[PDB]
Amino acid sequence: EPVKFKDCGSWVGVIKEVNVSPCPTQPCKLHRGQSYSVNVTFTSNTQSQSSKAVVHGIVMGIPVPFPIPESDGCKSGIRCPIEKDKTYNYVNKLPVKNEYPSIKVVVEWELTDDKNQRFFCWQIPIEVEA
């Protein structure tokens, strides 16, 4: 479902929608061993041959890297090369892992371009359930 989020630095892209499922109301919650489906609609303001995603869980203000199944944006629903003013749908999953403490965690998701600049950066709170 479309979720409310905080933009943490979208620089060469413009976010149109952050859709995380299951998340009808917030904070999203999901148990360890299950994965969220993520679909980010954004419009690029630059051309780029490549794109790379990176996710962090900010736990009590401390960032921790959060692995995803595929980090190449061009293999995540985006047909590269990325073009200026074109709209894309970045799609991936976020597994909730046993290593994550079962408390509120802020998830930060980013996608960068050839120049390592942020197409998008957004944050949302999630509750990790054991």
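All residue numbers refer to positions in the sequence shown, first residue = 1.
Annotation for 61-69 versus 97-105: the higher mean temperature factor (C-alpha) is found in 61-69. Reading the B-factor column for the CA atoms of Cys28, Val55, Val38, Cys80 in the entry, the top value corresponds to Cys80.
Among the modelled residues of its chain, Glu1 has a C-alpha B-factor that falls in the middle third according to the deposited record. When the modelled residues of the chain are ordered by C-alpha B-factor, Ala130 sits in the highest third. Ranked within its chain, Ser44 lands in the middle third, by CA B factor from the PDB record. The PDB entry assigns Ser50 a C-alpha temperature factor belonging to the middle third of its chain's modelled residues.
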